[PDB]
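Reading through the structure tokens given below for one structure.
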Amino acid sequence: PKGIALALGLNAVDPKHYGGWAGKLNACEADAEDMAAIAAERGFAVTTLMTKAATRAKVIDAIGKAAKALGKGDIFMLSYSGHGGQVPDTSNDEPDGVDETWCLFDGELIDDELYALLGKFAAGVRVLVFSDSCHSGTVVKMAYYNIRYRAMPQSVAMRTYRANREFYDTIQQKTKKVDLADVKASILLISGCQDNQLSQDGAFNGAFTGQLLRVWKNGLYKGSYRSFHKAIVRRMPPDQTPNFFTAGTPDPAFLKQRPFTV
Amino acid sequence: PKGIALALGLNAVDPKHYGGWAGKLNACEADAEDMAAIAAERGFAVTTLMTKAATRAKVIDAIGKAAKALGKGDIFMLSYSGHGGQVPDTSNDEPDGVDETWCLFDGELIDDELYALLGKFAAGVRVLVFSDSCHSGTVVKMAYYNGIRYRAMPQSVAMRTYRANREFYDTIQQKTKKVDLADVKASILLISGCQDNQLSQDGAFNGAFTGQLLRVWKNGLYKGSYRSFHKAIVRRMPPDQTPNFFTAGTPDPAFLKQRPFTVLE
Amino acid sequence: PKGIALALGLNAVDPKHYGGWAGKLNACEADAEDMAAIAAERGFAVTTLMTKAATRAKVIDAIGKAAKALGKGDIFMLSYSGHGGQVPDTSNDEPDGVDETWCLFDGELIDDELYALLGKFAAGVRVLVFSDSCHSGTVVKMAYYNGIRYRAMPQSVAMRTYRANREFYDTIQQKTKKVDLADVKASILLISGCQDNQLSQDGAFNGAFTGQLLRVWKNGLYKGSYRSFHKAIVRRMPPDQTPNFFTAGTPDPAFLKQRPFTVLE
Amino acid sequence: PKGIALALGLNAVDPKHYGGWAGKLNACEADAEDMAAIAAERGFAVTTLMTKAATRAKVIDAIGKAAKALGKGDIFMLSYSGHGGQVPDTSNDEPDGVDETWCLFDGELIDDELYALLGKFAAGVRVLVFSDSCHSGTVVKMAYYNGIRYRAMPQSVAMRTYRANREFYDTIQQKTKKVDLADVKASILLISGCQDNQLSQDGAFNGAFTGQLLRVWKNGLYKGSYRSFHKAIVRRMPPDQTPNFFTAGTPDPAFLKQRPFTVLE
Amino acid sequence: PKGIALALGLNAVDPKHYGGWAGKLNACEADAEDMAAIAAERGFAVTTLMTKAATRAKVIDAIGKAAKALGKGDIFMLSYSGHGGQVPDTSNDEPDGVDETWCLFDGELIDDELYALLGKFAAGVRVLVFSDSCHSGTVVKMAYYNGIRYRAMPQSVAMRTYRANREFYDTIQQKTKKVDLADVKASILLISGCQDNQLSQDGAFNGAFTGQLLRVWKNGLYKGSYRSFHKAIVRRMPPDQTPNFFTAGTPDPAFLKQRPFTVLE
Amino acid sequence: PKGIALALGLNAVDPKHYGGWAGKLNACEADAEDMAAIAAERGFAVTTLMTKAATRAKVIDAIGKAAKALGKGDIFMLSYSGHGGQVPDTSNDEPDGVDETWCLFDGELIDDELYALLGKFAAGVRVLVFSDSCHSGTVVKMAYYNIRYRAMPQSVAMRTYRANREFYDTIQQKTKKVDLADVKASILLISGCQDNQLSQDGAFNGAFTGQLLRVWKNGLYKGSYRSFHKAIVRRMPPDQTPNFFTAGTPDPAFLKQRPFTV
Amino acid sequence: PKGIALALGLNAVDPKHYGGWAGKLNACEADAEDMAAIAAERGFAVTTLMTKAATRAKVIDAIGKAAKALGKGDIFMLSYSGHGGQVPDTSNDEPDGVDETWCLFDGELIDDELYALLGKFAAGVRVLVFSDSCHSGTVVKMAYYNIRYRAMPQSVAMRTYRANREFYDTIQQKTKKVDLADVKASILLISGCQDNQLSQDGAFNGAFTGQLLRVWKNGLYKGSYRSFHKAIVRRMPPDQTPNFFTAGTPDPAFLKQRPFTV
């Protein structure tokens with residue numbers, strides 16, 4: 001049973017693309033190394049991409065390789081620590097009508113592009129995703145919240161879009177909204193927070209990742225993914241609750257395994 | 001396909017059982033009426049139980065009836081607004097090792113008793129549950145919330161209630177074998193008012209969660225699936241209170257794709 | 001030139017219509033008396049309506065009378081202290097798509113009904129309106145104000161009141177065609193207690209806005225125009241509550257240049 | 001050398017005069033009893049007036065008696081715990097142009113009336129005044145204190161009370177010529193509970209100021225002069241409330257050098 | 001080895017002695033019942049005194065009885081939930097120079113009176129004391145806590161109570177010679193609800209400290225020594241309230257090594 | 001009628017004396033210039049001392065000169081913006097038993113040294129003092145307060161004392177507590193705050209000085225010293241109230257004059 | 001009667017061992033100098049170790065020397081200002097199950113190693129320990145608290161452990177939990193705060209140390225250790241209360257002496 005892991009960490013992005021914004025953070029590379037370390041110790045063929053290395057091309061290509069390499073019975077692990085972005089949805093005039101994205105160094109990866117990539121995996125393959133990131137969401141979230149968060153500021157989001165109109169418009173025209181519930185692979189997406197919350201960027205690792213490492217306790221943790229998740233949220237502040245989302249072909253055996261089994 | 005709904009609302013409980021605690025709230029009955037109103041307008045055979053009426057016997061019996069009545073294709077709806085309780089887990093020594101419960105007027109309904117009841121439903125039956133409640137959780141939750149009423153029974157009362165009814169809960173705890181919601185034949189879609197590390201706020205005219213549920217539902221003008229319904233609500237909710245979308249039992253993508261209160265596709 | 005004033009103050013409403021909500025406040029009647037006192041001293045034929053007396057029928061009729069009585073050169077003064085309501089806008093599906101209203105004792109007066117009434121006044125008539133009230137607005141306003149009584153009906157009650165009176169408001173909403181305040185023949189000068197993104201505070205002896213209005217007016221010792229009057233008030237008001245200066249209808253620079261409560265230049 | 005003390009305490013006033021405001025407080029009578037107790041133990045002929053008893057007539061008359069009774073060498077002590085009022089200064093147009101007052105049960109005693117009364121005392125007589133009260137001041141004070149009861153009448157009530165008693169206060173304001181406390185023959189030592197830009201807190205068992213005064217006085221065990229007494233109190237007081245040490249009239253260094261409640265050196 | 005326990009709980013005191021202060025609380029009687037319940041289940045001959053019953057005479061007499069009854073090897077348990085008082089230390093002039101006390105219904109029990117009583121116990125007797133109370137301390141504590149009920153009598157009341165009972169406390173203060181808890185023959189283990197610079201919170205169903213004590217004790221499922229018991233509690237307690245672990249008298253490592261409520265090893 | 005003014009401003013002190021503390025501030029020199037500007041425009045022979053220039057020797061000497069120069073009818077003006085210090089009072093073991101001081105560049109000037117200097121002025125001379133400074137006071141003040149204040153931190157106060165034991169002990173043995181009420185000159189001391197408060201150091205001038213300049217409005221202010229004071233406190237926050245203290249031979253005519261008359 | 005004192009102060013540690021964390025502080029060296037100054041004035045043979053100098057080897061060796069040098073009647077004084085650490089307890093899977101430590105420059109000194117060292121002292125020897133430090137404790141403490149504290153952040157604690165797995169595991173296997181109540185020497189441990197609190201690092205000395213120096217008032221303090229302690233806590237904020245812990249052979253005469261007697 002072969003396992004492939006992709007640890008992504010970006011504590012900076014190319015200001016030359018994000019309208020002068022560097023999206024500086026200082027614990028995302030640590031999160032990736034820590035996740036990659038756990039994956040390696042679990043028997044994963046790990047590949048780490050740090051900031052400059054975490055570009056659209058490399059990330060898309062890496063995930064693509066995995067989708068082709070592993071098959072029924074294998075498991076793909078994707079962890080990500082970086083900013084969460086939003087690109088305007090020209091489908092309407094709603095000011096808060098946007099598409100969530102991952103702020104990669106090269107540019108933004110639209111959630112649909114990622115979702116589609118995950119849909120290229122085999123049928124009996126387990127896909128485990130850790131996303132210690134968040135999104136600006138709507139003005140209401142901004143209202144409640146207004147210590148740095150892993151969310152690109154709305155001003156930069158729009159400025160980045162304007163500075164790259166043709167680029168994102170093309171991306172938006174290609175891939176479309178995919179249904180994660182209907183994909184072949186059994187996906188388990190554990191994110192750092194809820195859609196109405198923000199993810200905190202600590203000084204040595206994300207708030208979520210830090211607690212993930214604390215309950216995992218260097219491999220001494222005994223339990224299933226559900227228990228793993230419940231044990232983490234128990235330690236987390238009410239304003240930041242990691243989420244446990246499953247998509248694709250249901251696999252109760254997978255959700256019953258130990259958090260990083262291969 | 002038909003439908004049976006059970007709206008529960010308790011803005012008070014029997015202090016004679018809860019060690020002198022009345023568990024007063026003033027929006028739970030409103031929540032139940034509002035949920036029952038939506039259910040009735042959707043073609044549901046609704047049954048409402050308000051505080052004194054929401055007892056262990058009546059609730060257990062009502063759910064029991066439903067499990068026997070409806071079958072493949074039908075749908076059962078359970079909504080609940082009240083306090084969330086905790087009874088000591090005499091299995092370990094952990095001060096915070098407890099069992100979550102619903103604080104009914106009569107006494108507490110251990111989560112296992114409810115889970116088991118839900119497991120008595122047919123195979124192709126959809127089970128929709130709304131729980132605008134919360135639990136004290138562990139001291140860590142209490143810690144964060146120490147620095148406006150919440151629908152959670154205070155830990156002191158939880159223990160006091162247990163002590164005052166030792167034999168009662170110990171018997172229940174021993175005659176109620178645990179069960180896995182991911183094994184029940186029916187398709188469970190549980191939407192609660194908050195996360196396990198959060199608390200649910202009791203508003204003056206309806207729960208924070210229920211209030212926003214009614215606002216997006218907009219008297220039946222809402223267009224969309226359960227997932228969209230849920231996402232639209234959380235979007236309006238404060239970061240310290242996020243309703244959860246939990247599915248258990250036999251997966252049913254068609255069910256999660258239906259309109260939030262659908263009886264007939 | 002003569003003058004008719006209508007001072008409205010409601011520090012309570014009929015719970016029998018507002019789904020059990022009394023909309024209690026304790027400074028609205030004081031606000032009306034104080035406004036009525038100034039109007040009387042200025043040469044106004046004042047009519048005061050306190051809570052129970054401030055019903056849909058009476059308010060609509062009083063304004064109606066005025067519109068017919070006074071003509072070119074005269075001036076109508078309308079002051080209001082009470083809750084601001086919202087009734088669902090069954091035209092769209094937007095959870096926050098609603099119509100602003102005044103919560104009268106009898107029920108809610110849709111902004112359109114008031115706007116239309118103001119449109120029934122003569123051409124050269126000055127219409128001065130003081131509204132020390134506010135509206136729940138959208139969830140974003142609720143969001144900012146989540147992190148002391150405000151004269152806005154809580155959203156939960158707004159919807160509950162609507163549901164409890166479906167046919168009543170639906171009829172009103174269909175027999176009241178919208179109107180543009182910038183088209184009315186009369187010169188409208190609307191001074192409200194706060195901005196659309198703010199809430200109006202209900203003090204213990206008069207509204208925050210009204211209290212400061214009386215303080216700058218200083219029992220008739222104030223010298224200046226309406227604009228100056230307004231600027232002097234906002235200067236004293238907290239940043240989270242800024243009264244607004246809105247003009248509609250046929251422009252009248254001479255009117256906005258007069259002394260705040262002038263009947264005779 | 002002999003001594004006469006007047007302890008005033010009003011934890012309520014006549015709403016029939018203050019436009020329906022009762023000015024409720026619950027530590028002013030305690031303050032007066034405590035001050036009267038110290039005065040009695042110091043050899044003072046004390047007279048206590050509690051709320052209903054602390055009227056304009058009685059207070060004016062009592063102080064008047066004292067001014068006539070004692071002479072060179074004697075000492076008059078006046079302590080007061082109640083609300084501080086403000087009546088509009090109809091001399092200017094400034095919204096905040098007002099006259100400070102003491103809110104007696106009967107009505108307000110304009111600072112000038114008190115100042116004049118103090119000016120009726122002999123030349124070598126020491127006048128010790130304790131005022132555990134405050135004033136609303138201007139909007140700026142209100143501003144700072146917007147972001148626990150204070151002994152200041154709310155501005156709304158102040159104006160409402162004035163309007164409801166126009167002729168009464170206007171007469172007083174015209175028959176009470178202003179006076180300079182630095183001209184009176186007697187030696188005035190006025191110690192108030194707070195600064196002009198602060199507010200005085202009303203505790204549950206005595207004013208914040210009075211409470212600390214009693215604590216440093218420690219039942220007569222305090223050794224030191226008035227200045228030291230004052231410095232020791234402020235040292236314990238919060239930065240938002242600092243009692244003031246004001247001297248007026250004919251300077252008397254020997255007096256300010258005596259022990260805080262000395263009748264006989 | 002046998003055991004005698006005395007559970008004291010006062011959620012009110014005689015205002016007729018405390019200058020009109022009732023010292024109301026609503027969790028002290030619950031604390032006593034809960035402590036008495038644990039003691040009874042541990043093999044203790046428990047005696048409970050609730051408010052009116054917890055008088056100076058009864059408390060002094062009960063402890064006295066115990067001191068005479070049990071001997072070498074036995075163990076006395078004293079738990080107390082009520083207000084902590086302070087009576088002026090007429091020895092110095094320091095405004096904050098006072099003596100800590102327990103506010104019993106009848107009046108205050110000076111710490112020395114209690115300490116002396118504890119000194120009347122045998123040599124090999126273990127004395128376990130739980131005090132879920134606190135003291136006003138000095139102005140510095142008051143300072144920090146100025147920027148939710150606490151079991152400390154307010155300083156104002158403390159002085160007022162003293163003045164109202166001058167002769168009473170002065171007599172007590174002169175007939176109660178001080179004593180050193182580190183000299184008593186018995187082994188004292190005093191566990192209080194907070195530190196000398198902190199205050200103890202009075203919850204709605206039991207003290208903050210007592211509530212957590214019951215939570216770690218988990219109805220007798222707790223395994224460990226007194227030190228571990230204490231460490232497990234403080235771990236759950238907020239930083240502004242840390243229960244203390246104080247030992248006095250003849251050291252007894254075997255005692256501090258026993259299980260928190262051991263009568264028979 | 002001759003007037004002499006001394007504007008002192010120290011937005012730094014010698015760390016070589018204050019146990020490594022520089023007592024940095026950035027509005028004290030501005031306060032002095034502003035006060036000196038008003039004094040000059042009022043007919044004052046002004047002398048300004050900025051930080052390095054405001055030493056014990058120079059300040060003592062300047063005030064001394066003035067005391068000898070002017071006489072009956074004249075007026076001396078002293079303004080000060082800097083930190084307020086405290087040196088332990090070895091008269092007892094009280095932890096908070098200390099002597100207030102002005103933190104001059106050279107070292108601390110004990111309040112008694114200043115008070116004594118003020119007592120060297122003629123009988124009919126008016127002494128106007130502005131002190132936009134404060135003192136740490138006792139732990140209770142620290143309690144209520146715990147944006148920078150013009151008060152030397154208690155740790156530095158003690159450290160400075162220890163590092164200069166003989167120096168301050170000698171000073172403490174020489175001059176003693178003086179009675180400001182019995183001095184010949186009529187003194188009016190207006191400080192930035194009360195004894196139980198702290199004085200705020202703004203970015204361009206002290207909180208107190210800033211408001212002093214605002215009511216003075218470039219010489220357009222009409223009124224007496226009392227009115228001047230009342231108008232300022234009216235604008236000041238409740239946590240900072242400037243004080244109006246008079247000492248020496250009473251002079252009602254002086255307190256009745258315009259805030260900076262000569 | 002000979003006395004030996006060891007003043008330790010670390011306002012930095014080796015990032016090369018603490019996974020890149022420098023554990024910067026700026027008042028720990030001041031605390032040590034101040035404590036060493038008091039000790040010297042009391043007749044103590046003081047030895048000061050500042051940051052780079054406060055290594056595992058030197059500290060262990062210094063304390064060892066003392067244990068051998070002094071005997072019945074003498075007194076050893078140990079003061080420490082630095083970060084408090086925690087190393088995972090592999091005895092179980094508890095996420096918060098850890099061992100408290102002192103973050104020395106070289107690495108962490110497990111509480112057991114220190115406790116054992118203290119147990120090597122004679123029978124009639126008095127051991128006085130001042131620890132102006134704290135520990136992260138459990139998530140509940142973190143919850144209540146979330147101005148810098150002297151506690152190593154949990155993320156760094158785990159990262160440091162992982163980066164030195166073999167090192168700490170070996171230490172954990174050697175020394176074990178010791179009973180401070182049964183040691184020969186009479187120990188008095190006065191720490192800066194309670195187990196459920198954190199110790200504040202001031203700008204010129206710890207919050208605790210600063211108040212210790214204030215009540216001590218340069219040797220003018222009269223009283224016993226208990227009174228000394230009570231006088232300090234009286235001045236301290238409720239969120240930080242120094243503790244008075246006694247272990248080993250009881251010595252009422254010792255606790256009755258003046259705070260720094262020899």
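What's counted below: heavy atoms across the whole structure, side chains too, no hydrogens, waters or symmetry copies. Lettering of chains follows the sequences in order, A, B, ..., and the numbering in each one begins at 1.
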Quickly, which of E/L214, E/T210, E/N206, E/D34 forms a side chain to side chain contact (heavy atoms under 4.5 Å, CB included) with B/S156? Name it, please.
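Single pass found, and it is E/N206.
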Heavy atoms only: give me the nearest [X]-[Y] pair and the separation to one decimal.
{"X": "E/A30", "Y": "B/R160", "answer": "CB-NH2, 3.0 Å"}
{"X": "E/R236", "Y": "B/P95", "answer": "NH1-CG, 3.9 Å"}
{"X": "E/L221", "Y": "B/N92", "answer": "CD2-O, 3.2 Å"}

Is the number of heavy atoms from other residues, nucleotides or ligands within 6.0 Å of [atom1] ([X]) greater than 12?
{"X": "E/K257", "atom1": "NZ", "answer": "yes"}
{"X": "B/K16", "atom1": "NZ", "answer": "no"}
{"X": "B/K175", "atom1": "NZ", "answer": "no"}

Non-hydrogen atoms of chain B under 4.5 Å away: do they reach the side chain of E/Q212, the backbone, both or neither?
side chain
Mark yes or no for whether B/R163, through its side chain, and E/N219, through its backbone, hold a donor-acceptor pair below 3.5 Å.
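Between the backbone of E/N219 and the side chain of B/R163 there is no qualifying donor-acceptor contact (under 3.5 Å).
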Donor-acceptor pair, side chain of E/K218 and main chain of B/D89, under 3.5 angstrom
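Side chain of E/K218 to backbone of B/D89: a pair is present.
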B/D96 versus E/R215: any side-chain heavy-atom pair under 4.5 Å?
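The answer is yes, as the side chains (C-beta and beyond) meet within the 4.5 Å cut-off.
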Hey, what do you get for CE (B/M153) to CZ (E/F205), rounding to the nearest 0.5 Å?
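Rounded to the nearest 0.5 Å, the CE-CZ separation comes to 10.0 Å.
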Atom group of B/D93 that falls short of 4.5 Å from chain E, counting heavy atoms
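Looking at B/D93, backbone and side chain both touch chain E.
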